[PDB]
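Novice: Structure provided below as structure tokens; questions to follow.
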Amino acid sequence: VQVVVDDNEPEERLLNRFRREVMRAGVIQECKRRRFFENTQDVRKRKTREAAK
Amino acid sequence: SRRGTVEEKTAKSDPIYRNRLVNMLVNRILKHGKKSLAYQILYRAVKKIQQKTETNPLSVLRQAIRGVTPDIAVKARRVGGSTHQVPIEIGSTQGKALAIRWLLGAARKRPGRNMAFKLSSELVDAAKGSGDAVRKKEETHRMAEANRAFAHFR
Amino acid sequence: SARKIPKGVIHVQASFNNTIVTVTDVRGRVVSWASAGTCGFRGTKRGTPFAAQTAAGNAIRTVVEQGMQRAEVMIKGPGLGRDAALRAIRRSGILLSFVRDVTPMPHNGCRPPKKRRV
RNA sequence: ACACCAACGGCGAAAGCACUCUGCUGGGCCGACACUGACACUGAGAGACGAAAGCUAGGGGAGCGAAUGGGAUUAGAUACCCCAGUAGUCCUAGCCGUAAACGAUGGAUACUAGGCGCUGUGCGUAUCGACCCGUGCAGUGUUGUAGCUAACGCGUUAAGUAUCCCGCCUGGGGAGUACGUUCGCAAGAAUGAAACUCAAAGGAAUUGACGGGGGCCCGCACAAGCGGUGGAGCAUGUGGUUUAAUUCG
């Protein structure tokens with residue numbers, strides 16, 4: 001689940017924006033809080049239903 | 001900003017030396033509408049400074065106020081619920097205006113003799129590093145750069 | 001004096017309340033550390049990005065005795081001190097080699113309370 | 001407990017069920033057909049299954065967390081928030097059988113305009129291709145039509161048009177409680193009143209307002225800035241007090 005700095009060159013550029021798309025605070029804000037058990041399968045799938053079509 | 005555009009409000013220039021930015025110093029030291037005696041506060045501080053310094057009175061005025069002129073100040077903006085102390089960078093139009101406000105107050109908050117000596121003292125005290133005029137430049141820098149994280153770079 | 005270790009991993013424990021920046025060697029032994037609530041300000045004034053740079057820039061006073069040339073970085077956990085800690089270490093004097101994100105990604109089991117963060 | 005894959009996905013009668021593997025096992029669907037032959041549908045009582053919480057006995061217990069103990073907030077908070085934390089949550093066996101157990105629209109069958117998304121199978125110059133044209137199951141949304149509906153809305157997975165059978169309602173409060181019977185270890189569950197009292201409860205939708213709802217916009221409104229008040233002495237006005245009245249608004 002790490003990040004690539006496989007590119008050479010003595011460059012000082014961050015390149016931390018490449019992993020801030022898939023991983024980000026997104027996989028940690030979906031987690032680290034409290035799970036609703038039933039509202040996670042209801043409310044989180046209800047807003048994605050109307051935003052699809 | 002879009003509806004109704006006003007550039008700036010300007011009056012007549014400096015007496016015989018000709019300058020519009022120095023004419024704001026006679027307009028801020030203006031007490032209750034007396035521009036006739038406000039002329040005697042600036043032009044007598046130009047007559048008494050030539051003995052303390054060597055060069056022209058327009059040069060020593062500009063070389064000293066650069067130590068009173070700020071680069072960054074704090075403004076109160078709220079977002080989300082909490083009041084953020086976000087620092088916005090001050091330009092050359094508002095920075096020259098903020099320099100003459102703290103040199104005005106420092107002159108009045110020193111009850112010695114007349115205003116001809118009080119303005120002339122705080123004019124050379126900005127070059128060496130003394131008085132309440134130069135202290136406010138380093139005091140606004142204590143509020144700024146400490147809250148640097150609330151504002152992102154350009 | 002000093003051990004004089006070449007390169008080493010920099011574990012940055014980036015959290016919401018503060019950020020603990022610790023520069024360790026190749027094995028896992030800590031030489032000296034630096035934190036956000038140590039560098040002057042405390043309470044809630046830390047955890048911010050430019051408060052993390054004064055924290056990571058306090059380490060180069062205590063670890064300068066060893067004399068490290070190159071340095072690998074390692075960030076752990078979310079917060080406003082992920083990209084900031086990397087910028088302070090770069091302007092200090094030490095080189096870049098391996099920047100990695102070893103943030104513990106859960107397999108959806110253990111869940112802490114809701115609560116609002118800073 | 002099990003990321004990602006996960007999906008408006010799938011399976012199951014309902015509840016419900018997701019890392020991988022093995023063992024035993026159920027249901028659904030399609031296709032050339034082969035066979036029985038209506039052997040069907042529904043169904044009071046009855047029997048069985050039941051999210052979580054809770055209960056009994058024996059285990060287990062990382063995290064979370066009723067209770068409980070501190071810190072904080074507040075006029076007070078024996079709440080929200082912070083630090084800890086027991087039963088419990090997990091496993092085996094038995095028990096309790098309730099939930100917005102909700103699509104709140106019981107099951108089964110035949111019909112009635114259409115336009116986009118799954119899974120099986122047939123076919124399409126030899127399938128040359130991601131694919132193209134059909135034909136079934138289950139499943140969403142649709143400016144969804146007719147029709148239906150109080151309206152919202154539903155719309156061949158319709159509350160459309162009909163048939164078969166079972167359950168249920170016939171004012172609000174009192175009540176889903178009391179009494180009795182039955183069931184349970186217990187907490188309680190199931191069946192189920194009346195007196196008295198009101199003339200109203202209730203549903204949809206409409207106008208406006210309100211919102212510590214949202215989107216976009218205008219006034220010193222804030223912001224930027226100057227002077228000022230509240231301090232002081234004096235003037236004046238008002239309450240309170242006082243007085244025979246300290247006249248009224």
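In the structure tokens, the first chain shown is A, the next is B, and so on; residue numbers restart at 1 for each chain, and ligands run from 1 in the order shown.
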Please, which residues of chain B, numbered as in this document, come out helix (DSSP H, G or I) from DSSP, as a PyMOL selection string?

Specialist: chain B and resi 25-28+35-42+44-47+59-62+65-67+92-99+102-108+115-128+132-143+148-150

Novice: How about saving the chosen residues, C-alpha atoms kept, as a tab-separated table (two decimals), in the first residue's frame?

Specialist:
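The resulting selection.tsv:
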chain	number	residue	atom	x	y	z
B	25	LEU	CA	0.72	62.24	5.62
B	26	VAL	CA	-0.68	65.80	5.89
B	27	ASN	CA	-4.21	64.38	5.44
B	28	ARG	CA	-3.88	61.76	8.20
B	35	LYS	CA	-5.14	71.87	6.70
B	36	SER	CA	-3.58	75.33	7.23
B	37	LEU	CA	-1.89	74.27	10.49
B	38	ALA	CA	-1.34	70.64	9.37
B	39	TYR	CA	1.09	72.13	6.81
B	40	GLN	CA	3.09	73.57	9.74
B	41	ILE	CA	3.54	70.06	11.22
B	42	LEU	CA	5.02	68.42	8.09
B	44	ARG	CA	8.59	72.32	9.94
B	45	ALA	CA	9.63	68.67	10.43
B	46	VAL	CA	11.36	69.01	7.03
B	47	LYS	CA	13.13	72.22	8.18
B	59	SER	CA	15.11	60.89	0.74
B	60	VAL	CA	15.39	60.61	4.57
B	61	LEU	CA	11.57	60.36	4.68
B	62	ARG	CA	11.52	57.36	2.32
B	65	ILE	CA	9.51	54.65	6.60
B	66	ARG	CA	10.69	51.37	5.00
B	67	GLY	CA	11.31	50.16	8.56
B	92	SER	CA	2.38	48.84	-1.90
B	93	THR	CA	-0.86	50.89	-1.96
B	94	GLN	CA	-2.05	49.83	1.53
B	95	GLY	CA	1.44	49.30	2.98
B	96	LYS	CA	2.43	52.95	2.52
B	97	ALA	CA	-0.91	53.88	4.13
B	98	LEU	CA	-0.33	51.64	7.20
B	99	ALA	CA	3.17	53.08	7.77
B	102	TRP	CA	1.68	54.10	13.33
B	103	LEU	CA	4.03	57.09	12.94
B	104	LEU	CA	1.02	59.36	13.64
B	105	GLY	CA	0.10	57.52	16.84
B	106	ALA	CA	3.70	57.26	18.10
B	107	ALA	CA	4.08	61.04	17.72
B	108	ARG	CA	0.94	61.78	19.77
B	115	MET	CA	4.26	68.28	17.33
B	116	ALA	CA	7.17	69.74	15.32
B	117	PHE	CA	9.67	67.82	17.49
B	118	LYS	CA	7.44	64.74	18.06
B	119	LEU	CA	7.17	63.97	14.32
B	120	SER	CA	10.85	64.84	13.71
B	121	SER	CA	12.01	62.44	16.46
B	122	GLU	CA	9.99	59.45	15.18
B	123	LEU	CA	11.38	60.14	11.68
B	124	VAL	CA	15.01	59.34	12.60
B	125	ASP	CA	14.11	56.73	15.26
B	126	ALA	CA	12.92	54.42	12.45
B	127	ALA	CA	16.41	54.37	10.90
B	128	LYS	CA	18.31	53.32	14.05
B	132	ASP	CA	6.77	53.05	19.22
B	133	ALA	CA	6.76	53.55	15.40
B	134	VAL	CA	9.31	50.86	14.45
B	135	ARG	CA	8.12	48.48	17.22
B	136	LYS	CA	4.74	47.99	15.51
B	137	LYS	CA	6.43	46.62	12.35
B	138	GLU	CA	8.04	43.80	14.36
B	139	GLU	CA	4.88	43.34	16.48
B	140	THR	CA	2.66	42.63	13.45
B	141	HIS	CA	5.31	40.11	12.34
B	142	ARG	CA	4.75	38.26	15.65
B	143	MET	CA	1.05	37.84	14.80
B	148	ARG	CA	1.39	31.02	8.43
B	149	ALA	CA	-0.38	27.64	8.11
B	150	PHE	CA	-3.86	29.21	7.84

Novice: Excluding same-chain residues fewer than 3 positions from residue 150 (chain D), what lies within 12 Å of it counting only C-alpha atoms (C1' of nucleotides), as a PyMOL selection string?

Specialist: chain D and resi 153+203-205

Novice: Sorted by chain and rising residue number, which residues of chain D lie within 12 Å of chain B, and what are their closest atom pairs and distances in Å to one decimal, counting only C-alpha atoms (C1' of nucleotides), as a Markdown table?

Specialist:
| residue | atom | partner | partner_atom | distance |
| --- | --- | --- | --- | --- |
| D:212 | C1' | B:81 | CA | 11.2 |
| D:217 | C1' | B:3 | CA | 11.8 |
| D:218 | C1' | B:3 | CA | 11.2 |
| D:222 | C1' | B:77 | CA | 11.3 |
| D:223 | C1' | B:76 | CA | 8.9 |
| D:224 | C1' | B:94 | CA | 10.1 |
| D:225 | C1' | B:28 | CA | 10.6 |
| D:226 | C1' | B:28 | CA | 9.3 |
| D:227 | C1' | B:32 | CA | 8.8 |

Novice: Write the residues of the selection above to a file with N, CA, C and O atoms (P, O5', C5', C4', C3', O3' and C1' of nucleotides), as a PDB file, in the first residue's frame.

Specialist:
ATOM      1  P     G D 212     -31.232  30.204  10.680  1.00  0.00           P
ATOM      2  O5'   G D 212     -29.865  29.470  11.043  1.00  0.00           O
ATOM      3  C5'   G D 212     -29.818  28.053  11.168  1.00  0.00           C
ATOM      4  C4'   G D 212     -28.806  27.647  12.211  1.00  0.00           C
ATOM      5  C3'   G D 212     -28.972  26.224  12.713  1.00  0.00           C
ATOM      6  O3'   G D 212     -28.304  25.306  11.849  1.00  0.00           O
ATOM      7  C1'   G D 212     -28.704  27.700  14.553  1.00  0.00           C
ATOM      8  P     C D 217     -23.423  36.180  -5.689  1.00  0.00           P
ATOM      9  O5'   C D 217     -24.508  37.344  -5.543  1.00  0.00           O
ATOM     10  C5'   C D 217     -24.813  38.219  -6.633  1.00  0.00           C
ATOM     11  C4'   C D 217     -26.003  39.094  -6.292  1.00  0.00           C
ATOM     12  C3'   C D 217     -25.805  40.136  -5.192  1.00  0.00           C
ATOM     13  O3'   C D 217     -25.309  41.367  -5.728  1.00  0.00           O
ATOM     14  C1'   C D 217     -27.760  38.881  -4.747  1.00  0.00           C
ATOM     15  P     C D 218     -24.556  42.422  -4.767  1.00  0.00           P
ATOM     16  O5'   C D 218     -25.723  43.311  -4.136  1.00  0.00           O
ATOM     17  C5'   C D 218     -26.218  44.480  -4.798  1.00  0.00           C
ATOM     18  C4'   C D 218     -27.208  45.214  -3.912  1.00  0.00           C
ATOM     19  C3'   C D 218     -26.669  45.742  -2.585  1.00  0.00           C
ATOM     20  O3'   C D 218     -26.131  47.057  -2.726  1.00  0.00           O
ATOM     21  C1'   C D 218     -28.607  44.462  -2.177  1.00  0.00           C
ATOM     22  P     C D 222     -21.965  48.217  10.986  1.00  0.00           P
ATOM     23  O5'   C D 222     -21.119  46.948  10.522  1.00  0.00           O
ATOM     24  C5'   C D 222     -21.174  45.720  11.248  1.00  0.00           C
ATOM     25  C4'   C D 222     -20.354  44.660  10.548  1.00  0.00           C
ATOM     26  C3'   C D 222     -18.887  44.995  10.318  1.00  0.00           C
ATOM     27  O3'   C D 222     -18.106  44.666  11.464  1.00  0.00           O
ATOM     28  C1'   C D 222     -19.829  44.135   8.323  1.00  0.00           C
ATOM     29  P     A D 223     -16.718  45.432  11.733  1.00  0.00           P
ATOM     30  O5'   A D 223     -15.834  45.100  10.449  1.00  0.00           O
ATOM     31  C5'   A D 223     -15.321  43.787  10.223  1.00  0.00           C
ATOM     32  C4'   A D 223     -14.694  43.701   8.850  1.00  0.00           C
ATOM     33  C3'   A D 223     -13.637  44.752   8.551  1.00  0.00           C
ATOM     34  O3'   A D 223     -12.356  44.335   9.012  1.00  0.00           O
ATOM     35  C1'   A D 223     -15.189  44.672   6.769  1.00  0.00           C
ATOM     36  P     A D 224     -11.359  45.406   9.676  1.00  0.00           P
ATOM     37  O5'   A D 224     -11.082  46.450   8.503  1.00  0.00           O
ATOM     38  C5'   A D 224     -10.016  46.252   7.575  1.00  0.00           C
ATOM     39  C4'   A D 224      -9.809  47.496   6.744  1.00  0.00           C
ATOM     40  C3'   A D 224      -9.687  48.792   7.530  1.00  0.00           C
ATOM     41  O3'   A D 224      -8.360  49.001   7.998  1.00  0.00           O
ATOM     42  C1'   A D 224     -11.239  49.092   5.780  1.00  0.00           C
ATOM     43  P     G D 225      -8.123  49.677   9.439  1.00  0.00           P
ATOM     44  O5'   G D 225      -8.716  51.148   9.275  1.00  0.00           O
ATOM     45  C5'   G D 225      -8.091  52.093   8.412  1.00  0.00           C
ATOM     46  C4'   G D 225      -8.882  53.380   8.367  1.00  0.00           C
ATOM     47  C3'   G D 225      -9.198  54.033   9.704  1.00  0.00           C
ATOM     48  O3'   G D 225      -8.097  54.806  10.172  1.00  0.00           O
ATOM     49  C1'   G D 225     -11.131  54.032   8.337  1.00  0.00           C
ATOM     50  P     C D 226      -8.043  55.273  11.712  1.00  0.00           P
ATOM     51  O5'   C D 226      -9.000  56.547  11.764  1.00  0.00           O
ATOM     52  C5'   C D 226      -8.616  57.779  11.153  1.00  0.00           C
ATOM     53  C4'   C D 226      -9.750  58.779  11.218  1.00  0.00           C
ATOM     54  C3'   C D 226     -10.309  59.070  12.603  1.00  0.00           C
ATOM     55  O3'   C D 226      -9.535  60.053  13.284  1.00  0.00           O
ATOM     56  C1'   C D 226     -12.094  58.650  11.116  1.00  0.00           C
ATOM     57  P     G D 227      -9.442  60.023  14.890  1.00  0.00           P
ATOM     58  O5'   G D 227     -10.869  60.546  15.373  1.00  0.00           O
ATOM     59  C5'   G D 227     -11.218  61.925  15.268  1.00  0.00           C
ATOM     60  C4'   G D 227     -12.697  62.119  15.517  1.00  0.00           C
ATOM     61  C3'   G D 227     -13.238  61.623  16.849  1.00  0.00           C
ATOM     62  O3'   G D 227     -13.033  62.565  17.898  1.00  0.00           O
ATOM     63  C1'   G D 227     -14.657  60.888  15.116  1.00  0.00           C
TER      64        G D 227
END

Novice: Set out as CSV a contact list for chain C and chain A with a cut-off of 6 Å, giving each residue of chain C that qualifies its closest atom pair and distance in Å to one decimal, counting only C-alpha atoms, ordered by chain and rising residue number.

Specialist:
residue,atom,partner,partner_atom,distance
C:100,CA,A:3,CA,5.4
C:101,CA,A:2,CA,4.8
C:111,CA,A:34,CA,5.4
C:112,CA,A:33,CA,5.2
C:113,CA,A:34,CA,5.1
C:114,CA,A:33,CA,4.5

Novice: Next, write the just-selected residues to a file, as a PDB file, in the first residue's frame, keeping N, CA, C and O atoms as the atom set.

Specialist:
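Generated file (part_26.pdb):
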ATOM      1  N   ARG C 100       8.167   6.666   1.570  1.00  0.00           N
ATOM      2  CA  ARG C 100       7.106   5.657   1.616  1.00  0.00           C
ATOM      3  C   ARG C 100       5.993   5.932   2.618  1.00  0.00           C
ATOM      4  O   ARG C 100       6.214   6.567   3.649  1.00  0.00           O
ATOM      5  N   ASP C 101       4.793   5.449   2.295  1.00  0.00           N
ATOM      6  CA  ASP C 101       3.620   5.620   3.148  1.00  0.00           C
ATOM      7  C   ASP C 101       3.231   4.281   3.781  1.00  0.00           C
ATOM      8  O   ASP C 101       2.569   3.448   3.154  1.00  0.00           O
ATOM      9  N   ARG C 111     -13.097  -0.493  14.805  1.00  0.00           N
ATOM     10  CA  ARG C 111     -13.539   0.882  14.549  1.00  0.00           C
ATOM     11  C   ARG C 111     -13.698   1.789  15.790  1.00  0.00           C
ATOM     12  O   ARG C 111     -14.538   1.519  16.655  1.00  0.00           O
ATOM     13  N   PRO C 112     -12.870   2.862  15.902  1.00  0.00           N
ATOM     14  CA  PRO C 112     -12.840   3.873  16.980  1.00  0.00           C
ATOM     15  C   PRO C 112     -14.105   4.787  16.959  1.00  0.00           C
ATOM     16  O   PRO C 112     -15.009   4.536  16.167  1.00  0.00           O
ATOM     17  N   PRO C 113     -14.235   5.780  17.887  1.00  0.00           N
ATOM     18  CA  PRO C 113     -15.437   6.641  17.842  1.00  0.00           C
ATOM     19  C   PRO C 113     -15.506   7.643  16.669  1.00  0.00           C
ATOM     20  O   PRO C 113     -14.490   7.915  16.022  1.00  0.00           O
ATOM     21  N   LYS C 114     -16.708   8.187  16.426  1.00  0.00           N
ATOM     22  CA  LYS C 114     -16.991   9.163  15.351  1.00  0.00           C
ATOM     23  C   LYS C 114     -16.153  10.442  15.449  1.00  0.00           C
ATOM     24  O   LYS C 114     -15.263  10.669  14.628  1.00  0.00           O
TER      25      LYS C 114
END

Novice: Would you list which chain C residues are within 10 Å of chain D using only C-alpha atoms (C1' of nucleotides), as a PyMOL selection string?

Specialist: chain C and resi 105-113+115-116

Novice: List as JSON lines every residue of chain B that is in contact with chain C, defined as an atom at most 12 Å from one of its atoms (using only C-alpha atoms), together with the nearest atom pair and the distance in Å rounded to one decimal, sorted by chain and then rising number.

Specialist:
{"residue": "B:80", "atom": "CA", "partner": "C:118", "partner_atom": "CA", "distance": 11.7}
{"residue": "B:82", "atom": "CA", "partner": "C:118", "partner_atom": "CA", "distance": 10.7}
{"residue": "B:84", "atom": "CA", "partner": "C:45", "partner_atom": "CA", "distance": 11.9}
{"residue": "B:85", "atom": "CA", "partner": "C:45", "partner_atom": "CA", "distance": 11.7}
{"residue": "B:145", "atom": "CA", "partner": "C:50", "partner_atom": "CA", "distance": 9.0}
{"residue": "B:146", "atom": "CA", "partner": "C:51", "partner_atom": "CA", "distance": 8.4}
{"residue": "B:147", "atom": "CA", "partner": "C:50", "partner_atom": "CA", "distance": 8.4}
{"residue": "B:148", "atom": "CA", "partner": "C:50", "partner_atom": "CA", "distance": 6.5}
{"residue": "B:149", "atom": "CA", "partner": "C:50", "partner_atom": "CA", "distance": 5.2}
{"residue": "B:150", "atom": "CA", "partner": "C:48", "partner_atom": "CA", "distance": 8.2}
{"residue": "B:151", "atom": "CA", "partner": "C:50", "partner_atom": "CA", "distance": 10.1}
{"residue": "B:152", "atom": "CA", "partner": "C:49", "partner_atom": "CA", "distance": 10.0}
{"residue": "B:153", "atom": "CA", "partner": "C:50", "partner_atom": "CA", "distance": 11.3}

Novice: Report as a short mmCIF file (atom, residue, chain, number, x, y, z; two decimals) with N, CA, C and O atoms, in the first residue's frame all protein, DNA and RNA residues lying within 12 Å of region 55-57 of chain C, evaluated on only C-alpha atoms (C1' of nucleotides), omitting residues in the same chain fewer than 2 positions from it.

Specialist:
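Final output, saved to result.cif:
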data_model
loop_
_atom_site.label_atom_id
_atom_site.label_comp_id
_atom_site.auth_asym_id
_atom_site.auth_seq_id
_atom_site.Cartn_x
_atom_site.Cartn_y
_atom_site.Cartn_z
N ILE C 10 13.32 7.85 8.19
CA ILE C 10 12.70 8.89 9.03
C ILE C 10 11.21 8.61 9.23
O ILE C 10 10.40 8.91 8.35
N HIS C 11 10.86 8.06 10.39
CA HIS C 11 9.48 7.74 10.73
C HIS C 11 8.71 8.98 11.22
O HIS C 11 9.03 9.55 12.26
N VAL C 12 7.73 9.40 10.42
CA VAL C 12 6.90 10.56 10.75
C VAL C 12 5.51 10.06 11.15
O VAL C 12 4.75 9.59 10.30
N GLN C 13 5.21 10.15 12.44
CA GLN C 13 3.92 9.73 12.99
C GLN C 13 2.95 10.92 12.87
O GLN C 13 2.75 11.68 13.82
N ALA C 14 2.40 11.08 11.67
CA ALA C 14 1.47 12.15 11.35
C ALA C 14 0.05 11.84 11.83
O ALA C 14 -0.59 10.91 11.35
N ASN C 18 -1.06 16.16 16.74
CA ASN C 18 0.35 16.57 16.60
C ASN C 18 1.07 15.68 15.56
O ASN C 18 0.44 14.85 14.91
N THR C 19 2.38 15.87 15.44
CA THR C 19 3.22 15.09 14.52
C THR C 19 4.61 14.84 15.11
O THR C 19 5.37 15.79 15.38
N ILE C 20 4.91 13.57 15.36
CA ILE C 20 6.20 13.15 15.92
C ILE C 20 7.14 12.70 14.79
O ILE C 20 6.93 11.65 14.18
N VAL C 21 8.16 13.51 14.53
CA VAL C 21 9.15 13.24 13.49
C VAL C 21 10.42 12.66 14.14
O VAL C 21 11.13 13.36 14.86
N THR C 22 10.66 11.37 13.89
CA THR C 22 11.83 10.69 14.44
C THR C 22 12.73 10.10 13.35
O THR C 22 12.28 9.33 12.50
N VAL C 23 14.00 10.49 13.38
CA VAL C 23 15.00 10.02 12.42
C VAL C 23 15.83 8.88 13.02
O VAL C 23 16.64 9.07 13.92
N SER C 32 17.85 10.33 18.02
CA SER C 32 17.22 11.49 18.67
C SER C 32 15.91 11.80 17.95
O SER C 32 15.80 11.55 16.74
N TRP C 33 14.94 12.35 18.68
CA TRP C 33 13.64 12.70 18.10
C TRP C 33 13.23 14.16 18.25
O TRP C 33 13.92 14.95 18.91
N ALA C 34 12.11 14.51 17.62
CA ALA C 34 11.54 15.85 17.64
C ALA C 34 10.02 15.75 17.46
O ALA C 34 9.54 14.93 16.67
N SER C 35 9.28 16.56 18.21
CA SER C 35 7.82 16.56 18.15
C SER C 35 7.23 17.97 17.98
O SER C 35 7.95 18.97 18.11
N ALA C 36 5.93 18.02 17.71
CA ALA C 36 5.19 19.28 17.50
C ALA C 36 4.84 20.05 18.78
O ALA C 36 4.77 21.28 18.76
N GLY C 37 4.62 19.32 19.87
CA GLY C 37 4.29 19.93 21.15
C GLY C 37 5.51 20.24 22.00
O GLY C 37 5.39 20.64 23.16
N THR C 38 6.69 20.04 21.41
CA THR C 38 7.98 20.27 22.06
C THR C 38 8.56 21.63 21.65
O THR C 38 9.12 22.35 22.48
N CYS C 39 8.38 21.98 20.37
CA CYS C 39 8.88 23.23 19.80
C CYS C 39 8.06 24.49 20.13
O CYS C 39 7.28 24.98 19.31
N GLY C 40 8.25 24.98 21.36
CA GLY C 40 7.57 26.18 21.84
C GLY C 40 6.08 26.08 22.13
O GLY C 40 5.68 25.93 23.29
N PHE C 41 5.28 26.16 21.07
CA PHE C 41 3.82 26.10 21.13
C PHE C 41 3.22 24.74 21.50
O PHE C 41 3.72 23.69 21.07
N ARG C 42 2.16 24.77 22.30
CA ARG C 42 1.45 23.57 22.75
C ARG C 42 -0.06 23.84 22.76
O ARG C 42 -0.50 24.97 22.51
N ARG C 46 -0.54 23.43 17.27
CA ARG C 46 0.23 22.48 16.48
C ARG C 46 -0.72 21.59 15.64
O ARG C 46 -1.94 21.76 15.70
N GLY C 47 -0.14 20.67 14.87
CA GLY C 47 -0.92 19.79 14.01
C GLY C 47 -1.12 20.38 12.63
O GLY C 47 -1.57 19.71 11.70
N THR C 48 -0.76 21.66 12.52
CA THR C 48 -0.85 22.46 11.29
C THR C 48 0.44 22.22 10.46
O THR C 48 1.47 21.86 11.03
N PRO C 49 0.40 22.39 9.10
CA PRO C 49 1.60 22.16 8.28
C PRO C 49 2.89 22.94 8.54
O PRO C 49 3.98 22.36 8.45
N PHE C 50 2.79 24.23 8.86
CA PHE C 50 3.97 25.05 9.12
C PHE C 50 4.44 25.04 10.58
O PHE C 50 5.34 25.79 10.97
N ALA C 51 3.83 24.15 11.36
CA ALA C 51 4.16 23.93 12.77
C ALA C 51 4.90 22.59 12.81
O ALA C 51 5.56 22.26 13.80
N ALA C 52 4.77 21.85 11.71
CA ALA C 52 5.40 20.55 11.51
C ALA C 52 6.80 20.74 10.95
O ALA C 52 7.67 19.87 11.10
N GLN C 53 7.01 21.89 10.30
CA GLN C 53 8.28 22.25 9.69
C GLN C 53 9.29 22.81 10.70
O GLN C 53 10.50 22.75 10.48
N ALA C 59 15.23 18.80 14.69
CA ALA C 59 15.98 17.54 14.73
C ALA C 59 17.43 17.70 14.26
O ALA C 59 18.32 17.03 14.79
N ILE C 60 17.66 18.63 13.33
CA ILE C 60 18.99 18.90 12.76
C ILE C 60 19.97 19.64 13.69
O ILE C 60 21.03 20.12 13.24
N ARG C 61 19.61 19.75 14.96
CA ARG C 61 20.43 20.39 15.98
C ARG C 61 20.98 19.29 16.89
O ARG C 61 22.09 19.40 17.42
N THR C 62 20.20 18.21 17.03
CA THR C 62 20.56 17.07 17.86
C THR C 62 21.17 15.88 17.09
O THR C 62 21.89 15.07 17.68
N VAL C 63 20.86 15.77 15.79
CA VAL C 63 21.38 14.68 14.96
C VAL C 63 22.57 15.08 14.07
O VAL C 63 23.09 14.25 13.31
N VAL C 64 23.00 16.33 14.20
CA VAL C 64 24.12 16.89 13.43
C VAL C 64 25.48 16.34 13.93
O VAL C 64 26.50 16.45 13.24
N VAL C 73 12.75 8.75 3.77
CA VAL C 73 11.60 9.24 4.55
C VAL C 73 10.50 8.18 4.66
O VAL C 73 10.42 7.28 3.81
N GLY C 81 0.52 17.19 8.06
CA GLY C 81 1.94 17.10 8.37
C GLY C 81 2.60 15.98 7.59
O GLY C 81 3.67 15.49 7.98
N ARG C 82 1.96 15.58 6.49
CA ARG C 82 2.44 14.52 5.61
C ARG C 82 3.49 15.03 4.62
O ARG C 82 4.63 14.56 4.62
N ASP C 83 3.09 16.00 3.80
CA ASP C 83 3.96 16.61 2.79
C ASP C 83 4.85 17.73 3.35
O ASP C 83 5.86 18.09 2.75
N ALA C 84 4.46 18.24 4.52
CA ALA C 84 5.17 19.32 5.21
C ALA C 84 6.48 18.89 5.86
O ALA C 84 7.46 19.64 5.83
N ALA C 85 6.49 17.68 6.42
CA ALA C 85 7.67 17.11 7.08
C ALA C 85 8.78 16.79 6.08
O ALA C 85 9.96 16.87 6.40
N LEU C 86 8.37 16.47 4.85
CA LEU C 86 9.28 16.14 3.74
C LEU C 86 9.98 17.38 3.18
O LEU C 86 11.10 17.29 2.68
N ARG C 87 9.31 18.53 3.28
CA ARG C 87 9.81 19.82 2.79
C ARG C 87 10.86 20.46 3.70
O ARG C 87 11.75 21.16 3.22
N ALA C 88 10.75 20.21 5.01
CA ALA C 88 11.67 20.74 6.01
C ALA C 88 12.99 19.98 6.04
O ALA C 88 14.06 20.57 6.25
N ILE C 89 12.90 18.67 5.82
CA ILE C 89 14.03 17.74 5.79
C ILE C 89 14.87 17.96 4.51
O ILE C 89 16.09 17.76 4.51
N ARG C 90 14.21 18.47 3.48
CA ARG C 90 14.81 18.75 2.18
C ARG C 90 15.61 20.05 2.15
O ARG C 90 16.65 20.14 1.49
N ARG C 91 15.12 21.06 2.88
CA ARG C 91 15.77 22.37 2.97
C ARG C 91 16.83 22.44 4.07
O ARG C 91 17.51 23.46 4.22
N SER C 92 16.98 21.35 4.82
CA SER C 92 17.95 21.24 5.91
C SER C 92 19.38 20.97 5.43
O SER C 92 20.31 21.68 5.84
N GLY C 93 19.54 19.96 4.59
CA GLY C 93 20.85 19.61 4.06
C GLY C 93 20.96 18.17 3.59
O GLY C 93 21.79 17.87 2.73
N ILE C 94 20.14 17.29 4.15
CA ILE C 94 20.14 15.86 3.80
C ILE C 94 19.35 15.53 2.53
O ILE C 94 18.32 16.14 2.23
#

Novice: Report as a list in words the set of chain D residues whose atoms approach chain A to within 12 Å, with distances computed over only C-alpha atoms (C1' of nucleotides).

Specialist: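 Applying the cut-off to the listed atoms yields residues 3, 4, 6, 7, 8, 51, 52, 64, 116, 117, 140, 141 and 142 of chain D.
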
Novice: Can you list, as number ranges by chain, all residues belonging to chain C that DSSP tags as strand (DSSP E)?

Specialist: C: 9-14, 19-24, 30-34, 70-76, 95-101

Novice: Residues within 12 Å of residue 154 (chain D), please, as a list in words. Count only C-alpha atoms (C1' of nucleotides); anything in the same chain fewer than 6 positions from it doesn't count.

Specialist: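 Near residue 154 (chain D), the qualifying residues are residues 103, 105, 144, 147, 148 and 160 of chain D.
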
Novice: In Å, with one decimal, what is the gap from CA of residue 27 (chain C) to CA of residue 79 (chain C)?

Specialist: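 CA of residue 79 (chain C) lies at a distance of 26.7 Å from CA of residue 27 (chain C).
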